[PDB]
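One structure below.
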There are 12 protein chains.
Amino acid sequence: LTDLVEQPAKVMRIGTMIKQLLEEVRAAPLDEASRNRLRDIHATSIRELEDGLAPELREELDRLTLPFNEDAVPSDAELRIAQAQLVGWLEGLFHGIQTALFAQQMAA
Amino acid sequence: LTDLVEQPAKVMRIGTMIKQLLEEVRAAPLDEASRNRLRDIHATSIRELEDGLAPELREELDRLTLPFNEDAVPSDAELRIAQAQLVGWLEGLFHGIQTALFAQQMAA
Amino acid sequence: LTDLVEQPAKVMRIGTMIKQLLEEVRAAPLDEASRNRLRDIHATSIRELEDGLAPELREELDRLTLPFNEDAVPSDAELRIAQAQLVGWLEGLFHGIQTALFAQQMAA
Amino acid sequence: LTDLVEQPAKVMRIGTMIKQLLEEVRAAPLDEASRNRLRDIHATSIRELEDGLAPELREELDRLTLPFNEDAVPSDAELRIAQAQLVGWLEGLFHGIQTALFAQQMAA
Amino acid sequence: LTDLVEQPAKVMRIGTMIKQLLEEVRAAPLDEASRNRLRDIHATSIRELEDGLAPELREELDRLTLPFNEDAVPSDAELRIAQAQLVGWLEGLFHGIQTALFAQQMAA
Amino acid sequence: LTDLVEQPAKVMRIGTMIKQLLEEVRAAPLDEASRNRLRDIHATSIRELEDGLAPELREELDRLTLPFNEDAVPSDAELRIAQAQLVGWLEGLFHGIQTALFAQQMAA
Amino acid sequence: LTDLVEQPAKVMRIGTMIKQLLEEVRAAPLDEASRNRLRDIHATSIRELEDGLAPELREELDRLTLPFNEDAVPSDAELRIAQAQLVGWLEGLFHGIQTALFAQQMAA
Amino acid sequence: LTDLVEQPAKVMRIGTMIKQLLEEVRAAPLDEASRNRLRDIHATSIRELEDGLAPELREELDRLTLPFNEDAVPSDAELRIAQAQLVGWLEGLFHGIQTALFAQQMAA
Amino acid sequence: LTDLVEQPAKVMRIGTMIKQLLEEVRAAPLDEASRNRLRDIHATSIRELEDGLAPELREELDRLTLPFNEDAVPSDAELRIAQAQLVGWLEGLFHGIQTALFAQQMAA
Amino acid sequence: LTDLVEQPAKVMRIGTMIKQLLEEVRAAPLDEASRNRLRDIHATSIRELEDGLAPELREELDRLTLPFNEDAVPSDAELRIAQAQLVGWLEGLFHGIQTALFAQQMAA
Amino acid sequence: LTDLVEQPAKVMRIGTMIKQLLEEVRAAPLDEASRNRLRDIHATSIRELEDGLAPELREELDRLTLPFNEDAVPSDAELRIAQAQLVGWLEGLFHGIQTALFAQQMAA
Amino acid sequence: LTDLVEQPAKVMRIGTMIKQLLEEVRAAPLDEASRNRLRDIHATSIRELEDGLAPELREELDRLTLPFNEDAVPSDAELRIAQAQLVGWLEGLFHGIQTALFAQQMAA
């Protein structure tokens, strides 16, 4: 299925980034400036993520994803929600790749 | 196994996404916007779950599933209930899958 | 005997869904909307369990369970009670099944 | 001894159900509705327990058990006493079962 | 000495019951109804206990035991005292039986 | 060993009873009735202890023992002292017994 | 040497009785009746220890101990002090004995 | 991949420096002077990071990174966001390095 | 060295007695009576310690020790200082004993 | 490569001095005298580090570090920031060195 | 180097003493009488310490040591300072002796 | 090693002394007298440290060292800084020493 993740080095790069940033948001509350920043960051990280994925997962991700509004600073809640979604989605994707590796390299 | 899960990678993917989002709802209370977003995510996530499930499990899931009304923003409580339901349903589903796998690996 | 649980995949599934939901009700209090929602879920979840059980256990479960009243929203308490009973009943059913399997595969 | 518990699967089911509900009573205080439901559950559960027990133990259990007064809702305390009793009685019963069983497995 | 405990399955049954009920009394305070109930329970459990014991221990137990008054509800303290007495007495009795088993089955 | 404990089962029995009751006195404060009952239990328990002890230990125990006056209800403190005394005396007694047993099992 | 503790069974007995009683005085405060009681127990317990000791240690212990005054109820403090001294003295005596035994059975 | 990180020693240095400083930001709130210094450190550190990275990753990092507004002192929050990002990006980068490396060491 | 502690059993007894009493001083504050008793115990205990020590260590201990002023009751603090000193002096003494002893047992 | 750290003894020395000092600033707040003192120590400590580094790392470190102003006492915060940066920078430098050594001694 | 500590049994004796007494000072605050006492003790312990040391360490110790004033009771702080100095000095000295023993007895 | 530490026993001695005194300063706040004494100890301890160090390390230490002015009593903060500095410098020094020792023991 590895046909799904075109650039894996890149997806565990960005996924690790977003995971880290979410762990930051939990730490302590943000101000308008920070929340704004993290929105921008989220848009860019999804751009870069679609690049490292096959059209299958690009479009699935697009279907699950809700872009943000720029006319308003999103809440610390919306930021937690938006990033947690991507963290779960990625962690389940790599669960797929690694379970495939273990079963197959077990036969072999 | 096929009679259960047509697309295993996809159902585990989406399942992890829902589990993580349930962990966020538990983390701290949401606002009007975030709980709205999570309502959407819940709807779309069921959409995407139906694809990787045989029609039996499609319809069983539907019988267990409770759509939200777009005429009111649901409470953090309803969101905890809706997401928790899919998390339990999914884990009992995959527990079935693994009992089947262990049966095969015991047979051969 | 084994003929008691006609569909084992399905009862471990639904059982896990009830287990999770009870854990949510314990988490923090629900509102009229949420607890109403779990009434619905409890009624249909029993339906779906009855599908996966032999006439013996269908009829026993029917004797032990007290359907909810549609005429009023049940308490956070009654929901814990109703879910807990099926959780204990199922966990004891599966304890019977697994001690039986260990007995047989201990024989052979 | 074997003659004591004629239906083992059923007495283990019912037992686990009773123990689980007792732990719910511990969780948080119940309302009049919940206390009523849990009383019923207690009565019906003794009904189902007598079935899987030899008349000897049927009658000993009945001598140790105390029906409730249907003219009044029992306290969360009376429910704790009654269920606690059946939980202890049951574990002390099966403890008999497995001490004899282990004696047999050591014998052969 | 096993000549002492005529019906052992029964004494570890009841002993386990009373132990459990005492663990309940410690949990949280009782009302008049519960304390009354637990008195009744104590009388019956001693009746059933004397049955499973040789005349030796029946009468020793009688000498150590103080029946309750029915003209008054005993305190949570008297109930703790009364049951703790029987729990200690039983646990020391089974200490006797099991130390005998280990020493003798060691020689043998 | 005989020169110490004429009836070992009985002295260990009663000893455990006293230890458990001391654990209850520690648990929470008693009332007029319960502390009265425990006074009785203490008297009777010494009665029963004398039987399983050689006359030497009968009289040594008596020299260490302090009867209560039936003209006043003793404090929870006096009860803690009286019961603690027998618990220590008994454990040092049985510690003597086990040093003797280990001597025999080392000899043969 | 070993001739110092004439009756070892008795001194480990009484020693354990003093150890327990000190642990009670620490538990919670005593009243005039209880602490009076421990005065009596301390005086006779020393008597009974003197029985089980060679002239050497009888006379040394007499030099170290300060009998109590019968003319006043001793403090919770003096009782802890008086009991603690015999506890340390005995524990050091038995440490000597056990290091001697290990030395001898190390020799042979 | 190897082509991705051209100067490994240098990118690891800079990374550890950034992670350490982020943990200082967590330690306690900073003053305007400290926030200014740490901003500078952030800018200079991205300068030094671009050097040890292939133009591919140079440009991806630049697309993900957000320069600060020198016309105002950023919050302790913006500093937490920016450094947190580079820490996640870096660990997800080197995670790529060692997953490929381990693949090679398993191959040969 | 061996020449240093002429009576080892006795110095170990006295030491354990002193250490135990110091821990009582720690337990809770003493009264004038207890402080007086414990002073006496301190004086008498140094008397008994000098006996089991060679004149060398007899005199070194006397040079390090400070008699108390019998014209006034010493604080719980002075008692902590004096006993604490003898406890440290004693452990540092026997530490000498066993370091030399272990040297011998490694030699042969 | 190894030619980067000209004097390794000296840089682990000075590095440990900075590590400890940062741990003190965290311990409890400093005064104008102390924090002035750490300004001096930071400036000279960088000097002494530059001695033990190849031209490469001297110049890089110079680019990353921001000397302090002699015209004002720096905050407890700036001191933590300034020390933390060198702590991370050094720890990353030595992580590079040790992974290189393990690589070489893994080769041979 | 053992030429340095002339009487080792004595230095670990006194060192252990002073260590213990310092652990006492930390426990709870002293009164004028106790602090005075512990000063006296410190002077004497240094006298006895110089005896068990070669002139080298006698004079080094003298150079590091600050005698106390007798015209004033030193603070609990000065007493902690004075004793901690000696505890550190001694522990470093014995670190020297024991590291010498291990390296040499390793060659040998 | 000689090029580093001319007198190893002495530098480790004094180092441990300084470490212990730093532990006391941390323990609890000092007075005018104690902090004065520790100033002296710090000066003298550097005096004594210079002896066991090659002239290189003498002068490096001096470049890192900051004397106190005898015209003012330094704060507990300055003392924490001054002592912490020597503790870090010393540990990085001895860490260098042990890397050298392990090099020798790996070579031979």
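If you're wondering about the labels, chains in the structure tokens are A, B, ... by order shown, residues count from 1 in each chain, ligands from 1 in order shown.
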
For residue 70 of chain A, work out the shell of residues within 9 Å, counting only C-alpha atoms and skipping chain neighbours fewer than 4 positions away, then give it as a PyMOL selection string. chain A and resi 36+39-40+74

Take the residues from that selection and put them in a file with N, CA and C atoms, as a short mmCIF file (atom, residue, chain, number, x, y, z; two decimals), in the first residue's frame.
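Result file follows (selection14.cif):
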data_model
loop_
_atom_site.label_atom_id
_atom_site.label_comp_id
_atom_site.auth_asym_id
_atom_site.auth_seq_id
_atom_site.Cartn_x
_atom_site.Cartn_y
_atom_site.Cartn_z
N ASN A 36 -3.17 33.23 15.91
CA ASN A 36 -3.09 33.58 14.50
C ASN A 36 -1.94 32.85 13.83
N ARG A 39 -2.66 29.12 13.27
CA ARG A 39 -3.51 28.95 12.10
C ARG A 39 -2.68 28.94 10.82
N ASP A 40 -1.92 30.01 10.60
CA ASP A 40 -1.08 30.08 9.41
C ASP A 40 -0.26 28.80 9.28
N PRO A 74 -8.88 31.88 15.28
CA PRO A 74 -9.56 30.73 15.87
C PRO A 74 -9.23 30.56 17.35
#

Same-sequence superposition of chain D onto chain J, all C-alpha, as a short mmCIF file (atom, residue, chain, number, x, y, z; two decimals) with N, CA and C atoms, in the first residue's frame:
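The new file selection-v4.cif reads:
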data_model
loop_
_atom_site.label_atom_id
_atom_site.label_comp_id
_atom_site.auth_asym_id
_atom_site.auth_seq_id
_atom_site.Cartn_x
_atom_site.Cartn_y
_atom_site.Cartn_z
N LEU D 1 35.51 16.84 12.28
CA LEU D 1 34.88 16.62 13.59
C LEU D 1 35.85 16.66 14.79
N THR D 2 36.77 15.69 14.89
CA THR D 2 37.83 15.79 15.89
C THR D 2 38.49 17.16 15.84
N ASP D 3 38.68 17.67 14.62
CA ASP D 3 39.19 19.01 14.39
C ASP D 3 38.29 20.08 14.98
N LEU D 4 37.05 19.75 15.34
CA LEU D 4 36.13 20.78 15.84
C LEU D 4 36.47 21.15 17.28
N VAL D 5 36.64 20.17 18.16
CA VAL D 5 36.94 20.44 19.55
C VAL D 5 38.41 20.08 19.76
N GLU D 6 39.28 21.11 19.72
CA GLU D 6 40.72 20.95 19.86
C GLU D 6 41.13 20.68 21.32
N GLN D 7 40.47 21.31 22.30
CA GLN D 7 40.72 21.07 23.73
C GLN D 7 39.48 20.48 24.37
N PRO D 8 39.35 19.14 24.40
CA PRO D 8 38.12 18.54 24.95
C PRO D 8 37.97 18.65 26.46
N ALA D 9 39.04 18.39 27.23
CA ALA D 9 38.96 18.53 28.68
C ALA D 9 38.45 19.90 29.08
N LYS D 10 38.90 20.94 28.38
CA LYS D 10 38.58 22.29 28.79
C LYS D 10 37.15 22.66 28.45
N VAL D 11 36.68 22.22 27.28
CA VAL D 11 35.31 22.56 26.92
C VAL D 11 34.34 21.78 27.78
N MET D 12 34.70 20.56 28.18
CA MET D 12 33.82 19.85 29.11
C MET D 12 33.78 20.50 30.50
N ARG D 13 34.94 20.82 31.10
CA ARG D 13 34.95 21.65 32.30
C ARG D 13 34.00 22.84 32.21
N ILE D 14 34.28 23.72 31.25
CA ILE D 14 33.53 24.96 31.18
C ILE D 14 32.05 24.67 31.04
N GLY D 15 31.71 23.67 30.22
CA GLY D 15 30.31 23.31 30.06
C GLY D 15 29.65 22.92 31.37
N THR D 16 30.30 22.05 32.14
CA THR D 16 29.69 21.62 33.39
C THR D 16 29.50 22.80 34.33
N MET D 17 30.48 23.70 34.36
CA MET D 17 30.37 24.92 35.17
C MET D 17 29.12 25.78 34.81
N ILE D 18 28.93 25.94 33.50
CA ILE D 18 27.80 26.72 33.00
C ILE D 18 26.47 26.06 33.34
N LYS D 19 26.38 24.74 33.15
CA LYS D 19 25.13 24.02 33.43
C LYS D 19 24.78 24.11 34.92
N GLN D 20 25.78 23.89 35.77
CA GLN D 20 25.59 23.98 37.21
C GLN D 20 25.09 25.37 37.60
N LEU D 21 25.72 26.42 37.07
CA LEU D 21 25.28 27.76 37.45
C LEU D 21 23.86 28.05 36.96
N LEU D 22 23.50 27.56 35.78
CA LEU D 22 22.13 27.73 35.33
C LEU D 22 21.15 27.12 36.32
N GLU D 23 21.47 25.93 36.83
CA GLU D 23 20.58 25.34 37.82
C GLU D 23 20.53 26.15 39.10
N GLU D 24 21.61 26.86 39.43
CA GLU D 24 21.50 27.79 40.56
C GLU D 24 20.54 28.93 40.26
N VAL D 25 20.63 29.51 39.06
CA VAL D 25 19.69 30.57 38.70
C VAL D 25 18.27 30.08 38.90
N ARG D 26 18.01 28.83 38.52
CA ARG D 26 16.70 28.27 38.78
C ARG D 26 16.38 28.20 40.27
N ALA D 27 17.38 27.94 41.12
CA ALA D 27 17.09 27.65 42.53
C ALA D 27 16.20 28.71 43.18
N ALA D 28 16.57 29.98 43.08
CA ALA D 28 15.88 31.07 43.75
C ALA D 28 16.35 32.40 43.13
N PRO D 29 15.56 33.47 43.23
CA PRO D 29 15.91 34.70 42.50
C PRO D 29 17.16 35.35 43.07
N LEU D 30 17.92 35.99 42.19
CA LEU D 30 19.22 36.53 42.53
C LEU D 30 19.08 38.01 42.85
N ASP D 31 20.13 38.59 43.43
CA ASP D 31 20.14 40.03 43.68
C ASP D 31 20.98 40.72 42.62
N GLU D 32 21.01 42.06 42.66
CA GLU D 32 21.78 42.78 41.65
C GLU D 32 23.24 42.34 41.65
N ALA D 33 23.81 42.11 42.83
CA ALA D 33 25.20 41.69 42.91
C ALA D 33 25.40 40.33 42.24
N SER D 34 24.53 39.37 42.56
CA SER D 34 24.65 38.03 41.99
C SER D 34 24.48 38.06 40.49
N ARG D 35 23.50 38.83 40.00
CA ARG D 35 23.28 38.93 38.57
C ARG D 35 24.50 39.51 37.87
N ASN D 36 25.13 40.50 38.50
CA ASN D 36 26.37 41.05 37.96
C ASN D 36 27.48 39.99 37.89
N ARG D 37 27.76 39.32 39.02
CA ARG D 37 28.76 38.26 39.04
C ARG D 37 28.51 37.22 37.97
N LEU D 38 27.26 36.77 37.84
CA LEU D 38 26.93 35.71 36.90
C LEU D 38 27.02 36.18 35.45
N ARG D 39 26.74 37.46 35.19
CA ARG D 39 27.06 38.03 33.89
C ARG D 39 28.55 37.90 33.60
N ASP D 40 29.39 38.42 34.50
CA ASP D 40 30.83 38.28 34.30
C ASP D 40 31.20 36.85 33.99
N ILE D 41 30.75 35.93 34.84
CA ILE D 41 31.03 34.51 34.64
C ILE D 41 30.64 34.10 33.24
N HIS D 42 29.51 34.60 32.74
CA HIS D 42 29.09 34.25 31.38
C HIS D 42 30.09 34.74 30.33
N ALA D 43 30.52 36.00 30.45
CA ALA D 43 31.47 36.55 29.48
C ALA D 43 32.79 35.79 29.52
N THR D 44 33.35 35.62 30.72
CA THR D 44 34.63 34.94 30.86
C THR D 44 34.54 33.51 30.38
N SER D 45 33.41 32.86 30.64
CA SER D 45 33.22 31.48 30.21
C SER D 45 33.17 31.37 28.69
N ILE D 46 32.57 32.34 28.00
CA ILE D 46 32.66 32.28 26.54
C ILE D 46 34.09 32.49 26.10
N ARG D 47 34.81 33.42 26.74
CA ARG D 47 36.24 33.54 26.45
C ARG D 47 36.93 32.18 26.50
N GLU D 48 36.79 31.47 27.62
CA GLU D 48 37.47 30.18 27.79
C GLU D 48 36.96 29.12 26.83
N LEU D 49 35.69 29.18 26.44
CA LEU D 49 35.15 28.22 25.47
C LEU D 49 35.75 28.40 24.08
N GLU D 50 35.94 29.64 23.64
CA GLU D 50 36.48 29.83 22.31
C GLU D 50 37.85 29.16 22.16
N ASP D 51 38.61 29.05 23.25
CA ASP D 51 39.96 28.50 23.16
C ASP D 51 39.94 27.03 22.73
N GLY D 52 39.04 26.23 23.29
CA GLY D 52 39.04 24.80 23.01
C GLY D 52 38.24 24.38 21.79
N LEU D 53 37.99 25.33 20.89
CA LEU D 53 37.15 25.15 19.71
C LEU D 53 37.89 25.61 18.46
N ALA D 54 37.72 24.86 17.37
CA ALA D 54 38.28 25.25 16.07
C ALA D 54 37.68 26.57 15.59
N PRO D 55 38.41 27.35 14.79
CA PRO D 55 37.88 28.65 14.36
C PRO D 55 36.49 28.57 13.76
N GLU D 56 36.19 27.49 13.04
CA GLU D 56 34.84 27.25 12.54
C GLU D 56 33.82 27.36 13.66
N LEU D 57 33.96 26.53 14.69
CA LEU D 57 32.99 26.53 15.78
C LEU D 57 33.14 27.76 16.67
N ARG D 58 34.37 28.26 16.80
CA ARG D 58 34.58 29.54 17.47
C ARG D 58 33.63 30.59 16.89
N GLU D 59 33.64 30.72 15.57
CA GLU D 59 32.89 31.76 14.88
C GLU D 59 31.40 31.45 14.85
N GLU D 60 31.01 30.19 14.66
CA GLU D 60 29.59 29.85 14.77
C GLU D 60 29.05 30.18 16.15
N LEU D 61 29.75 29.77 17.20
CA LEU D 61 29.33 30.14 18.55
C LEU D 61 29.24 31.66 18.71
N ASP D 62 30.25 32.40 18.23
CA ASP D 62 30.17 33.86 18.36
C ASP D 62 28.96 34.43 17.60
N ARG D 63 28.62 33.86 16.44
CA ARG D 63 27.45 34.34 15.72
C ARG D 63 26.17 34.03 16.49
N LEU D 64 26.12 32.88 17.17
CA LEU D 64 24.92 32.56 17.93
C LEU D 64 24.86 33.31 19.26
N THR D 65 26.01 33.71 19.82
CA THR D 65 26.03 34.34 21.14
C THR D 65 25.76 35.83 21.04
N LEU D 66 25.24 36.37 22.13
CA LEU D 66 24.85 37.78 22.28
C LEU D 66 25.52 38.37 23.51
N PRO D 67 26.50 39.27 23.37
CA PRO D 67 27.10 39.88 24.57
C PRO D 67 26.04 40.63 25.39
N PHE D 68 26.33 40.84 26.67
CA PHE D 68 25.39 41.63 27.46
C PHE D 68 25.75 43.12 27.47
N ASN D 69 24.73 43.93 27.78
CA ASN D 69 24.87 45.37 27.96
C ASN D 69 25.39 45.65 29.37
N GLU D 70 26.66 46.06 29.45
CA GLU D 70 27.33 46.35 30.71
C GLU D 70 26.78 47.59 31.39
N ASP D 71 26.02 48.40 30.67
CA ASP D 71 25.37 49.57 31.24
C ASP D 71 24.15 49.22 32.08
N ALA D 72 23.75 47.95 32.15
CA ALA D 72 22.61 47.57 32.98
C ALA D 72 22.72 46.11 33.40
N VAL D 73 22.26 45.84 34.62
CA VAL D 73 22.16 44.49 35.19
C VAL D 73 21.06 43.69 34.50
N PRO D 74 21.40 42.56 33.87
CA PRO D 74 20.38 41.76 33.18
C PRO D 74 19.50 41.01 34.17
N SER D 75 18.30 40.68 33.72
CA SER D 75 17.34 40.01 34.58
C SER D 75 17.83 38.61 34.92
N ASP D 76 17.21 37.99 35.93
CA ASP D 76 17.45 36.57 36.09
C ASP D 76 17.04 35.82 34.83
N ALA D 77 16.12 36.42 34.07
CA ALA D 77 15.64 35.81 32.84
C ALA D 77 16.71 35.83 31.75
N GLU D 78 17.34 36.99 31.50
CA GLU D 78 18.37 37.02 30.46
C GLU D 78 19.48 36.03 30.78
N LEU D 79 19.84 35.90 32.06
CA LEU D 79 20.86 34.94 32.46
C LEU D 79 20.40 33.52 32.16
N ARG D 80 19.12 33.21 32.43
CA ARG D 80 18.57 31.90 32.08
C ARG D 80 18.63 31.64 30.57
N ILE D 81 18.34 32.66 29.76
CA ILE D 81 18.37 32.50 28.31
C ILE D 81 19.80 32.23 27.84
N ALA D 82 20.75 33.07 28.26
CA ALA D 82 22.12 32.98 27.75
C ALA D 82 22.77 31.66 28.15
N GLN D 83 22.71 31.33 29.44
CA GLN D 83 23.31 30.08 29.87
C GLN D 83 22.56 28.89 29.30
N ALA D 84 21.24 28.98 29.23
CA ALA D 84 20.50 27.86 28.66
C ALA D 84 20.96 27.58 27.24
N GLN D 85 21.21 28.64 26.47
CA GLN D 85 21.71 28.52 25.10
C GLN D 85 23.05 27.80 25.05
N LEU D 86 24.02 28.25 25.85
CA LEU D 86 25.31 27.59 25.81
C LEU D 86 25.20 26.15 26.28
N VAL D 87 24.27 25.85 27.20
CA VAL D 87 24.16 24.45 27.61
C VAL D 87 23.64 23.59 26.45
N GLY D 88 22.61 24.07 25.74
CA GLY D 88 22.09 23.30 24.61
C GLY D 88 23.11 23.18 23.48
N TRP D 89 23.77 24.30 23.15
CA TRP D 89 24.80 24.30 22.12
C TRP D 89 25.89 23.31 22.46
N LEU D 90 26.32 23.31 23.71
CA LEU D 90 27.38 22.39 24.08
C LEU D 90 26.92 20.94 23.99
N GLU D 91 25.74 20.60 24.52
CA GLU D 91 25.36 19.18 24.48
C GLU D 91 25.17 18.70 23.05
N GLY D 92 24.63 19.56 22.18
CA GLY D 92 24.48 19.22 20.78
C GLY D 92 25.80 19.11 20.06
N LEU D 93 26.81 19.84 20.54
CA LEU D 93 28.17 19.66 20.04
C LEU D 93 28.76 18.30 20.42
N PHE D 94 28.74 17.97 21.71
CA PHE D 94 29.37 16.73 22.12
C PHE D 94 28.58 15.53 21.64
N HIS D 95 27.27 15.70 21.48
CA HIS D 95 26.47 14.64 20.88
C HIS D 95 27.01 14.31 19.50
N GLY D 96 27.41 15.33 18.74
CA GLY D 96 28.16 15.08 17.52
C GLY D 96 29.42 14.29 17.78
N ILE D 97 30.17 14.67 18.82
CA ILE D 97 31.44 13.98 19.10
C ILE D 97 31.23 12.48 19.32
N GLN D 98 30.26 12.12 20.17
CA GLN D 98 30.09 10.72 20.52
C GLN D 98 29.33 9.93 19.46
N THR D 99 28.45 10.55 18.66
CA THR D 99 27.88 9.79 17.54
C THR D 99 28.95 9.40 16.52
N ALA D 100 29.86 10.33 16.20
CA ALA D 100 30.98 9.95 15.33
C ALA D 100 31.87 8.92 16.00
N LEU D 101 32.21 9.13 17.27
CA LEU D 101 33.08 8.21 18.00
C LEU D 101 32.50 6.79 18.00
N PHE D 102 31.21 6.66 18.31
CA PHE D 102 30.57 5.35 18.30
C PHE D 102 30.58 4.75 16.91
N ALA D 103 30.45 5.58 15.88
CA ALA D 103 30.58 5.06 14.52
C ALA D 103 31.95 4.43 14.32
N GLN D 104 33.00 5.09 14.82
CA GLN D 104 34.35 4.54 14.68
C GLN D 104 34.49 3.22 15.45
N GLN D 105 34.04 3.20 16.70
CA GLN D 105 34.17 2.00 17.52
C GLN D 105 33.33 0.84 16.99
N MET D 106 32.28 1.12 16.23
CA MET D 106 31.51 0.05 15.59
C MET D 106 32.23 -0.40 14.32
N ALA D 107 32.90 0.55 13.66
CA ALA D 107 33.64 0.23 12.44
C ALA D 107 34.76 -0.76 12.71
N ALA D 108 35.67 -0.42 13.62
CA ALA D 108 36.79 -1.32 13.88
C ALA D 108 36.34 -2.54 14.68
#

In segment 2-107 of chain L, DSSP alpha helix (DSSP H) residues written as a ChimeraX atom specification: /L:8-27,32-51,55-64,76-107
